[PDB]
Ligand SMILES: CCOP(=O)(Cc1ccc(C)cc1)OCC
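First, one chain by itself: the form deposited without this ligand, in structure tokens.
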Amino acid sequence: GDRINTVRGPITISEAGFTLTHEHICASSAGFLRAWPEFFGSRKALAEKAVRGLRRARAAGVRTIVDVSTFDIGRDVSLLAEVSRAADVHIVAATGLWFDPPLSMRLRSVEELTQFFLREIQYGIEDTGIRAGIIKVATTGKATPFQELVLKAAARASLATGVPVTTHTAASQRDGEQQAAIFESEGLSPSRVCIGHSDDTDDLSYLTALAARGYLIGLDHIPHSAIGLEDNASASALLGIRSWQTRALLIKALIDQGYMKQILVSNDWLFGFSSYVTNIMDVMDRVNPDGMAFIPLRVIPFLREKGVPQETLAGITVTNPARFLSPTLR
């Protein structure tokens, strides 16, 4: 594990730099952007907007983002490669399945799914040769039967390739606990795993208990807040009413309990969003005009001000991501 695969090819571990580990260029659905690009204005408008945002994040110090859009989030790796080249920001692409698998995925065995993820990691996505650098999976509460198969196959693909696994959770339901049981049932090392959306909960005990076991804790929703828009139900349903400062203080809490090495921080931001209500992007961009730069422009200063040492901030934002993404065989 001395090389990370990006959408422009392999980079060395030290080239990754300041890394956002849970982002998206566009959250959509399989086939959707190519079938109905006008939903986003145009594919050109979407790309131009992504490049603007990536250029601003780059200005703020971001060197790499991990796009955790799976097949069923409508990942378009050709778009990723395009905006990565235009903005000069490294993008790591994902394989895996999120919670909108179509029938041709849903009906598949753990063995078939394992071959699919391996294809995307080892040989390349679609016909592009672009290899995924991470595996994304998801539950929303107790795993469905198919979701158990997805997590087992993600564990098998990770063991075979060294590529890490990262999760969507409903944190309020402590999904991370079931996810960890399943992964461990496959012999996967907890240090290969990031339990994501974990700042959606204030149950610190749930969080430290997982970190104690060696899991990475993805605090990737820091800017997600509907405060000031509580009368917009779709936004509050999506974003929650907890403030960004509250979410960021979980980072400090984890640090204070000794778990700085287990923390990964991100915005879970995006430049198009079709798998929710129309015009939701306009709401989100008003909520967080900084977009992906929110972590380096607002969160890191806030923590430093609350007394987090520069050294600890560099560890969380540079070191942990490098360790996590470096392909690492058991």
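Counting begins at 1, following the sequence as shown.
Note on 54 to 62 vs 34 to 42: mean CA B-factor is higher in 54 to 62. Once the C-alpha B-factors are averaged per stretch, 249 to 257 and 129 to 137 rank with 249 to 257 first. Comparing the C-alpha B-factors of 303, 263, 297, 27 in the entry, the top value falls on 303. Comparing the listed residues 74, 240, 164, 96, the entry records the largest Cα B-factor for 240. Ranked by Cα temperature factor within the chain, residue 326 sits in the middle third according to the deposited record. In the PDB entry, a CA B factor belonging to the lowest third of its chain's modelled residues is recorded for residue 100. Residue 312: CA B factor lies in the highest third for its chain, per the PDB record. Sort the chain's modelled residues by C-alpha temperature factor and residue 120 lands in the lowest third, per the entry.
When all modelled residues of the chain are sorted by CA temperature factor, residue 293 is found within the lowest third.
The same protein also has a form deposited with this ligand bound, omitted here; what follows describes it.
In the entry with it bound, this ligand sits within 4.5 Å of a heavy atom belonging to residue 317.
Proximity of residue 60 to this ligand in the entry with it bound: non-hydrogen atoms within 4.5 Å are present. Although the partner is absent here, residue 47 sits far enough away that none of its heavy atoms falls within 4.5 Å of this ligand in the entry with it bound. Taking the partner from the other structure, this ligand in the entry with it bound has no heavy atom within 4.5 Å of any heavy atom of residue 30.
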